[PDB]
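*Asks:* For reference, the structure I am asking about is given below.
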Amino acid sequence: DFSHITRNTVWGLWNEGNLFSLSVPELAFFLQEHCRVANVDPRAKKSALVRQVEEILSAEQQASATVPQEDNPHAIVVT
Amino acid sequence: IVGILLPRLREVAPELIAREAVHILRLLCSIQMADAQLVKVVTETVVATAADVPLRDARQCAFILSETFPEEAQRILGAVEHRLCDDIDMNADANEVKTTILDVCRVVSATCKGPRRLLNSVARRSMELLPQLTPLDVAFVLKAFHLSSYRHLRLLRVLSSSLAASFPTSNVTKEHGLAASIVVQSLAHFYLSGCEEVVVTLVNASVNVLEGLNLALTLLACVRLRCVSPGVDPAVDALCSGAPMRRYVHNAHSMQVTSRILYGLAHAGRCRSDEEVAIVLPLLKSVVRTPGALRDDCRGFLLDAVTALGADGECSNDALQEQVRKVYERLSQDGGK
Amino acid sequence: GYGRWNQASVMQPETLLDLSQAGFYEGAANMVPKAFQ
Amino acid sequence: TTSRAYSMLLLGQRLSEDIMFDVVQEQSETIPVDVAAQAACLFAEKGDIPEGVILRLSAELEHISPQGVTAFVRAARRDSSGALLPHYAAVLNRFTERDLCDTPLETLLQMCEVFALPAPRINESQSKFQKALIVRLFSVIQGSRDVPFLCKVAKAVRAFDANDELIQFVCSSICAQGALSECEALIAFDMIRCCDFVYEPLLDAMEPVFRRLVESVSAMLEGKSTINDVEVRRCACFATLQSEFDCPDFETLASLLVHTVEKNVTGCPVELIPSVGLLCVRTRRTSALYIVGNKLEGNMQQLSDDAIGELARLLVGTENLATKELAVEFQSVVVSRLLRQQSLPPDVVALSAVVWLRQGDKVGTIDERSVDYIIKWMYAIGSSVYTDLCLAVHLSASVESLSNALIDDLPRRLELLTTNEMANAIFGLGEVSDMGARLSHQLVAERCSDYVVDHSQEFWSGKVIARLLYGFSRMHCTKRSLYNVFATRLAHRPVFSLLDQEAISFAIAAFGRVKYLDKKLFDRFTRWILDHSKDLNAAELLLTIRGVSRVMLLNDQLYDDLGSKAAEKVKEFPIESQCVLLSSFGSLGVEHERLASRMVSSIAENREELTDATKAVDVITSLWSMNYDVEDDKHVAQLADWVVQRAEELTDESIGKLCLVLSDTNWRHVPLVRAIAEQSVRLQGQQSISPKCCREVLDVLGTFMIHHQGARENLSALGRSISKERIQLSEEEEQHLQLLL
């Protein structure tokens with residue numbers, strides 16, 4: 001579609017659990033430009049595109065946000 | 001204010017309850033400002049949510065925009081036809097079913113079209129509701145089957161019999177005058193027999209109160225009934241001798257009525273007696289002196305009348321024949337001469 | 001009020017409460033971290 | 001081998017799992033293109049068409065036989081994925097033509113029927129094909145004089161193709177012929193009813209023949225009664241057709257016929273009565289009572305094959321005229337007819353099965369032959385019959401094969417029925433498939449879920465949405481997409497403000513069964529049910545209290561109102577409903593004195609119907625959690641004494657919970673403590689106890705000062721292993737200790 005849909009917008013929508021409030025062309029553009037997928041059949045409905053976008057976003061997310069609020073031995077650190 | 005706010009209407013239109021869209025359309029149509037851009041949106045919403053929507057609201061929405069946009073009203077009625085038929089069949093209270101049949105008959109008559117099953121159900125219900133039927137209710141119910149070309153012979157005969165020439169104090173003024181016109185027009189549209197007595201008593205009771213121009217329409221019906229019902233002939237005589245026509249002879253209220261009267265009078269052969277001559281001659285002279293060219297329906301009616309008069313060899317009055325020739329040249333000048 | 005209301009289905013143990021919130025993160029004001037001097 | 005499969009599919013028969021594997025048979029080239037087309041047709045119903053078939057049909061397409069065109073259009077109309085929509089522009093209805101004036105008329109009829117299939121949930125070529133076919137049909141039928149021929153071509157063009165000018169011409173021609181025999185008159189009535197059309201002179205010409213037939217059948221009664229079967233059959237056919245056409249002019253004849261039959265039911269032929277009863281269903285005639293079935297109790301063995309069809313169609317009508325004896329005799333008759341040749345259409349058999357199933361437990365179990373017949377010829381069954389079967393399969397027990405064969409065609413049946421039928425079928429399958437809850441019922445459900453969330457913009461009814469959600473909830477299909485989308489599609493102003501005491505309780509229960517509370521939507525739901533609360537029927541308070549309590553909503557006014565309403569109506573709730581309604585309040589922690597006081601009396605009085613004592617101890621625990629005094633009136637005492645008397649069905653969890661209740665509440669009542677000790681001993685006797693339960697029973701025994709040496713002895717080693725904290729020592733310290741002691 002156009003340039004208003006960016007990584008920040010999709011990330012916010014994903015974190016608020018409201019990804020389905022988007023049109024099919026928007027999701028297709030996001031997958032074809034941001035996620036850099038090979039090609040998408042211009043026939044898939046909302047569910048397949050949403051699942052693909054969601055899996056790609058979760059797989060490439062590797063910055064842990066949780067902080068362990070517990071004590072644990074066997075951990076070696078040199079700080 | 002409405003003109004300024006209207007462009008916002010098309011933006012927030014598909015979020016309105018039907019019970020408020022009714023008042024929206026009433027306000028927009030009472031000032032002739034309503035446009036055909038939000039009407040289609042409201043119609044789409046109503047036809048989409050026809051599964052569960054109060055029938056009163058659907059009837060109101062179908063009736064309100066029937067005058068200007070008929071197709072949307074037709075689609076709205078077709079969306080809830082089956083539910084309306086089931087409601088009009090299974091219901092018990094007389095008042096609500098009476099109001100429903102009257103309103104649906106009015107909608108069908110206004111739109112000049114009607115579904116088959118709904119008309120059948122309305123027919124049987126109107127048969128079951130015979131006692132509470134006011135004369136205007138019967139008039140409108142029979143009018144609905146007119147302007148729609150739907151035949152219910154049992155309904156026609158039964159309602160004509162149940163009319164029974166029962167008038168308020170037997171001196172009805174207008175409660176069965178338009179009803180009389182509807183009756184004769186319907187029985188002429190779907191020709192039948194056995195109604196001679198009802199027809200003649202109704203004509204006798206209505207000619208005294210038929211001062212309206214609808215009498216002319218009745219005349220047409222009467223001549224259109226002369227082919228198969230000879231017994232109507234005296235009533236036409238009464239219709240040719242009523243006080244309203246005596247008053248109309250002096251001044252022609254409507255020239256279209258003058259043309260239709262001339263056609264009916266010619267087809268009835270009423271150009272022989274001296275009274276008939278004294279009636280026709282003012283009309284022909286008025287048509288000759290009528291300013292401007294005749295209207296399309298009007299010029300067609302006078303063309304048919306003059307063709308019939310030329311085919312009518314009974315016209316022996318030389319002054320009348322000369323006047324007919326004058327109308328001939330006047331119509332030719334309207335047509336190019 | 002149909003469908004054997006007197007036979008409640010066995011409720012699976014793998015059900016944790018979930019909430020749906022819309023517009024929590026979206027907005028021009030809540031767009032980027034800020035700083036002051 | 002694909003031709004046999006294609007023909008058997010067109011016959012409406014069911015596939016077998018071996019046939020698909022046989023027709024796969026390495027579907028590569030070196031076969032005619034029509035074979036590829038029919039393989040595509042066969043595979044369209046069973047999932048999406050494979051990509052290899054698509055590419056092979058797009059590549060090898062050079063010339064197409066008329067049967068190939070029929071297969072192509074069938075595959076295009078039946079495919080849900082739209083895989084045939086491309087390459088459908090390549091062959092737009094064969095815009096090159098060469099089909100008309102080149103194929104037999106029967107192929108044109110096949111075209112007409114295949115075009116009647118509903119479209120899946122750029123088109124001007126369709127209009128071009130429609131007008132070309134209209135012209136071709138006009139040309140062929142212009143120069144032929146054969147009444148059944150035109151009648152069947154009118155049946156063909158019955159689909160919405162023209163502006164009814166062709167049917168007008170056909171009616172004008174048949175009226176102009178002027179020779180109207182009874183058979184031709186009946187077939188013309190069939191065409192005019194099928195086309196849903198009205199013509200005046202045709203009715204005028206038709207009336208005298210039917211008047212003569214009705215007069216003869218009236219004379220056929222007592223007096224001048226020379227029995228003739230064909231006359232009665234023709235009269236029955238006319239009555240059947242008029243029963244649904246409802247002609248405004250053919251009404252005096254039917255009224256006279258029914259009036260004649262009603263007052264002189266002495267020896268009229270058996271074939272007549274089913275048709276006159278079907279006609280009596282129309283026009284709201286209650287005189288059909290004490291007529292149908294009154295004479296037709298056990299003599300229905302002589303009915304013809306056609307008679308049984310309208311008999312079934314009548315019985316599946318108003319239930320008031322369906323009795324146990326009538327249903328049993330009907331089932332016997334239909335199974336006898338299946339045993340012989342000339343088998344009835346599957347519609348009649350399926351309707352008889354529905355009639356049997358509606359009765360429920362008053363009858364036994366349907367024959368396996370009827371179930372086998374229904375399983376076969378599955379696709380010949382109409383959508384309404386499918387909905388009836390799905391709605392009725394849950395009202396009787398001992399049905400497992402029919403239900404398993406019932407949820408097998410739903411993925412292929414998605415596009416062939418309206419949304420209301422979808423919701424009704426999904427809810428109807430939500431009671432027996434949950435009893436199944438097998439893995440084979442997952443994938444199907446999964447597929448259905450996807451479809452429902454794709455075309456979710458066509459659902460404009462609250463009741464349909466809520467019933468569909470409840471059906472999906474009673475299937476162990478918990479997701480996030482479906483509920484998220486349908487909690488927003490239901491929040492529209494037009495979609496909302498149309499719910500009334502239903503689709504709110506169903507929706508609330510469906511939401512609370514999967515824990516997907518939506519805040520603002522639930523707020524509006526609570527406000528609505530607070531506004532109109534005094535008029536909620538039973539079996540709906542139970543459906544909303546559980547749903548609103550499983551999502552952890554702590555409201556005071558709403559719970560107060562619901563508790564008061566439930567306390568007012570107590571006799572309607574059965575035993576298990578009482579237990580669940582107590583546990584629902586008990587789970588959160590809210591308290592209501594009136595509800596518990598009024599509701600424990602019924603569970604005390606109907607104590608003997610409990611399955612065992614475990615439910616009793618569960619009720620006692622849930623009552624404790626609600627902050628209700630357990631030392632209250634003798635109803636709790638009766639429950640405790642009943643548990644004591646049958647204290648052999650208790651288990652570890654029940655003993656633990658009861659011990660917790662006694663320890664917390666300080667209940668001195670000893671006989672239940674003695675029973676607990678003895679049952680703990682017996683449970684340990686078969687090594688089916690847990691150390692925590694032993695610890696709890698020892699704890700309560702120690703607190704209440706009861707010796708019970710037998711329980712103290714054998715449970716000591718089990719109870720001490722959980723409470724005694726042991727320091728892990730190395731072997732050197734172990735040997736030092738050995739030296740010490």
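In the structure tokens, the first chain shown is A, the next is B, and so on; residue numbers restart at 1 for each chain, and ligands run from 1 in the order shown.
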Residues of chain C near chain A: apply a cut-off of 8 Å, count only C-alpha atoms, and supply the list as a PyMOL selection string.
*Replies:* chain C and resi 20-26
*Asks:* Those same residues, written as a tab-separated table (two decimals), in the first residue's frame with C-alpha atoms?
*Replies:*
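The new file again.tsv reads:
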```tsv
chain	number	residue	atom	x	y	z
C	20	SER	CA	-7.71	-7.49	24.21
C	21	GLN	CA	-6.73	-3.82	24.31
C	22	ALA	CA	-6.81	-1.42	21.36
C	23	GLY	CA	-5.07	1.91	20.93
C	24	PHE	CA	-2.89	1.41	24.01
C	25	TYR	CA	0.37	2.02	22.12
C	26	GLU	CA	-0.90	3.96	19.10
```
*Asks:* Quick one: residues within 10 Å of residue D:580, only C-alpha atoms counted, chain neighbours fewer than 4 positions away excluded, as a VMD selection string?
*Replies:* (chain C and resid 6 8) or (chain D and resid 542 545 to 546 575 to 576 584 to 586 619 622)
*Asks:* Counting only C-alpha atoms, what is within 10 Å of residue B:25, bar same-chain residues fewer than 5 positions away, as number ranges by chain?
*Replies:* B: 20, 30, 34, 38-39, 42, 61, 64-65
*Asks:* Quick one: write out the picked residues with N, CA, C and O atoms as a JSON list (two decimals), in the first residue's frame?
*Replies:*
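See again06.json below for the written result:
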```
[["chain", "number", "residue", "atom", "x", "y", "z"],
["B", 20, "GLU", "N", -33.61, 5.69, 14.16],
["B", 20, "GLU", "CA", -33.24, 7.09, 13.97],
["B", 20, "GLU", "C", -33.03, 7.44, 12.50],
["B", 20, "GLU", "O", -33.18, 8.61, 12.13],
["B", 30, "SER", "N", -38.81, 16.15, 4.11],
["B", 30, "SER", "CA", -39.82, 17.18, 4.30],
["B", 30, "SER", "C", -39.41, 18.53, 3.75],
["B", 30, "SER", "O", -40.26, 19.42, 3.63],
["B", 34, "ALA", "N", -33.21, 16.13, 0.46],
["B", 34, "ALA", "CA", -32.64, 14.79, 0.47],
["B", 34, "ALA", "C", -32.02, 14.44, -0.88],
["B", 34, "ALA", "O", -32.63, 14.65, -1.94],
["B", 38, "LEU", "N", -27.01, 9.28, 0.58],
["B", 38, "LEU", "CA", -27.18, 8.63, 1.87],
["B", 38, "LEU", "C", -28.37, 7.69, 1.90],
["B", 38, "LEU", "O", -28.40, 6.76, 2.72],
["B", 39, "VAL", "N", -29.34, 7.90, 1.01],
["B", 39, "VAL", "CA", -30.51, 7.02, 0.95],
["B", 39, "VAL", "C", -30.08, 5.61, 0.60],
["B", 39, "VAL", "O", -30.57, 4.64, 1.20],
["B", 42, "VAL", "N", -28.49, 4.00, 3.75],
["B", 42, "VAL", "CA", -29.49, 3.56, 4.72],
["B", 42, "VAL", "C", -30.24, 2.34, 4.21],
["B", 42, "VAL", "O", -30.53, 1.40, 4.97],
["B", 61, "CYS", "N", -39.86, 2.80, 6.76],
["B", 61, "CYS", "CA", -38.78, 3.12, 5.83],
["B", 61, "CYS", "C", -39.20, 2.85, 4.39],
["B", 61, "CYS", "O", -38.80, 3.58, 3.48],
["B", 64, "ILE", "N", -41.77, 5.80, 3.48],
["B", 64, "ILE", "CA", -41.37, 7.20, 3.55],
["B", 64, "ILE", "C", -40.72, 7.66, 2.25],
["B", 64, "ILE", "O", -41.00, 8.76, 1.76],
["B", 65, "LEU", "N", -39.85, 6.83, 1.67],
["B", 65, "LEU", "CA", -39.15, 7.19, 0.44],
["B", 65, "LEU", "C", -39.80, 6.58, -0.79],
["B", 65, "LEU", "O", -39.17, 6.51, -1.85]]
```
*Asks:* Write out as an MDAnalysis selection string the residues lying within 12 Å of residue A:29, counting only C-alpha atoms and excluding same-chain residues fewer than 3 positions away.
*Replies:* chainID A and resid 1:7 10 22:26 32:37 39:40 42 49 53
*Asks:* Could you build a table of the residues in chain D lying no more than 9 Å from chain B, giving for each the nearest pair of atoms and their separation in Å rounded to one decimal place, using only C-alpha atoms, ordered by chain and ascending residue number, as a Markdown table?
*Replies:*
```
| residue | atom | partner | partner_atom | distance |
| --- | --- | --- | --- | --- |
| D:200 | CA | B:151 | CA | 8.6 |
| D:246 | CA | B:120 | CA | 8.4 |
| D:247 | CA | B:120 | CA | 8.6 |
| D:248 | CA | B:152 | CA | 5.9 |
| D:249 | CA | B:152 | CA | 7.0 |
| D:251 | CA | B:154 | CA | 8.9 |
| D:252 | CA | B:154 | CA | 8.8 |
| D:458 | CA | B:48 | CA | 8.8 |
| D:460 | CA | B:49 | CA | 5.9 |
| D:461 | CA | B:51 | CA | 6.8 |
| D:462 | CA | B:52 | CA | 8.5 |
| D:463 | CA | B:52 | CA | 8.9 |
| D:492 | CA | B:15 | CA | 7.4 |
| D:493 | CA | B:15 | CA | 5.8 |
| D:494 | CA | B:17 | CA | 5.7 |
| D:495 | CA | B:49 | CA | 7.7 |
| D:497 | CA | B:17 | CA | 8.2 |
| D:498 | CA | B:52 | CA | 6.7 |
| D:499 | CA | B:52 | CA | 8.9 |
```
*Asks:* Please produce an output containing C-alpha atoms for each residue in the selection, written as a PDB file, in the first residue's frame.
*Replies:*
```pdb
ATOM      1  CA  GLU D 200     -53.817 -15.413 -17.015  1.00  0.00           C
ATOM      2  CA  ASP D 246     -51.071 -21.397  -3.435  1.00  0.00           C
ATOM      3  CA  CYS D 247     -52.753 -20.128  -6.585  1.00  0.00           C
ATOM      4  CA  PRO D 248     -55.334 -17.360  -6.010  1.00  0.00           C
ATOM      5  CA  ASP D 249     -57.691 -18.995  -8.541  1.00  0.00           C
ATOM      6  CA  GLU D 251     -58.720 -22.301  -4.306  1.00  0.00           C
ATOM      7  CA  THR D 252     -62.411 -23.204  -4.612  1.00  0.00           C
ATOM      8  CA  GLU D 458     -21.233 -11.151   5.886  1.00  0.00           C
ATOM      9  CA  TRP D 460     -25.021  -9.171  10.266  1.00  0.00           C
ATOM     10  CA  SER D 461     -27.097 -11.019  12.896  1.00  0.00           C
ATOM     11  CA  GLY D 462     -26.348 -11.151  16.611  1.00  0.00           C
ATOM     12  CA  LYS D 463     -28.098 -14.470  17.231  1.00  0.00           C
ATOM     13  CA  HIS D 492     -21.097  -2.301  15.725  1.00  0.00           C
ATOM     14  CA  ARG D 493     -24.103  -0.101  16.438  1.00  0.00           C
ATOM     15  CA  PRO D 494     -26.308  -1.835  13.807  1.00  0.00           C
ATOM     16  CA  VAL D 495     -25.198  -5.328  14.855  1.00  0.00           C
ATOM     17  CA  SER D 497     -29.055  -3.165  19.862  1.00  0.00           C
ATOM     18  CA  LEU D 498     -30.711  -6.266  18.373  1.00  0.00           C
ATOM     19  CA  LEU D 499     -30.107  -8.815  21.163  1.00  0.00           C
TER      20      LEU D 499
END
```
*Asks:* When the cut-off is 12 Å and we count only C-alpha atoms, which residues of chain C are near chain D, given as a list in words?
*Replies:*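 Residues passing the distance filter: residues 1, 2, 3, 4, 5, 6, 7, 8, 9, 10, 11, 12, 13, 14, 15, 16, 17, 18, 19, 20, 21 and 22 of chain C.
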*Asks:* Please tabulate, as JSON lines, the residues of chain A that come within 8 Å of chain D, each with its closest pair of atoms and the distance in Å to one decimal, counting only C-alpha atoms and ordering rows by chain, then residue number upward.
*Replies:*
```
{"residue": "A:20", "atom": "CA", "partner": "D:485", "partner_atom": "CA", "distance": 7.4}
{"residue": "A:43", "atom": "CA", "partner": "D:82", "partner_atom": "CA", "distance": 7.8}
{"residue": "A:45", "atom": "CA", "partner": "D:454", "partner_atom": "CA", "distance": 6.1}
{"residue": "A:46", "atom": "CA", "partner": "D:454", "partner_atom": "CA", "distance": 6.2}
{"residue": "A:47", "atom": "CA", "partner": "D:450", "partner_atom": "CA", "distance": 6.8}
```
*Asks:* Residues at most 10 Å from stretch 650-663 of chain D, counting only C-alpha atoms, excluding those fewer than 4 positions away in the same chain, as a PyMOL selection string?
*Replies:* chain D and resi 612-618+620-621+624-625+630+643+646+667-669+672-673+676-677+679-680+683+688-701+703-704
*Asks:* May I ask which of the residues A:62, A:73, A:31, A:78 is the closest one to residue A:50, counting only C-alpha atoms?
*Replies:*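 Distance minimum relative to residue A:50 lands on A:31.
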*Asks:* Need the shell around residue B:113: protein/DNA/RNA residues with any atom at most 10 Å away, counting only C-alpha atoms. Skip same-chain ones fewer than 6 positions apart. Format as a PyMOL selection string?
*Replies:* chain B and resi 70-71+74+107+144-150
*Asks:* Set the distance at 12 Å and use only C-alpha atoms: which residues neighbour residue B:191 once local chain neighbours fewer than 2 positions away are removed? I'd like the list as an mmCIF file with C-alpha atoms, in the first residue's frame.
*Replies:*
```cif
data_model
loop_
_atom_site.group_PDB
_atom_site.id
_atom_site.type_symbol
_atom_site.label_atom_id
_atom_site.label_comp_id
_atom_site.auth_asym_id
_atom_site.auth_seq_id
_atom_site.Cartn_x
_atom_site.Cartn_y
_atom_site.Cartn_z
ATOM 1 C CA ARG B 151 -56.093 -10.772 -10.168
ATOM 2 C CA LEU B 153 -61.339 -12.994 -8.579
ATOM 3 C CA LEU B 156 -63.058 -8.974 -6.116
ATOM 4 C CA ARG B 157 -66.443 -10.706 -6.059
ATOM 5 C CA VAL B 183 -64.721 -0.035 -7.337
ATOM 6 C CA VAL B 184 -65.796 0.801 -10.884
ATOM 7 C CA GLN B 185 -62.213 1.178 -12.129
ATOM 8 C CA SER B 186 -61.206 -2.180 -10.641
ATOM 9 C CA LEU B 187 -64.257 -4.019 -11.980
ATOM 10 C CA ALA B 188 -63.600 -2.489 -15.408
ATOM 11 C CA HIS B 189 -59.910 -3.438 -15.313
ATOM 12 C CA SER B 193 -70.563 -9.992 -14.235
ATOM 13 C CA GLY B 194 -73.111 -10.267 -11.438
ATOM 14 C CA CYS B 195 -72.359 -6.822 -9.966
ATOM 15 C CA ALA B 221 -65.390 2.635 -16.521
ATOM 16 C CA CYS B 222 -69.088 2.668 -17.368
ATOM 17 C CA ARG B 224 -65.804 0.083 -20.679
ATOM 18 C CA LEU B 225 -68.500 -1.974 -18.927
ATOM 19 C CA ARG B 226 -71.072 -1.422 -21.691
ATOM 20 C CA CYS B 227 -69.545 -4.227 -23.780
ATOM 21 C CA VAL B 228 -70.619 -7.003 -21.389
ATOM 22 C CA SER B 229 -73.077 -5.304 -18.976
#
```
*Asks:* Take atom CA of residue D:645 and atom CA of residue D:631 and report the distance between them in Å, one decimal.
*Replies:*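 Here the two named atoms are 19.3 Å from each other.
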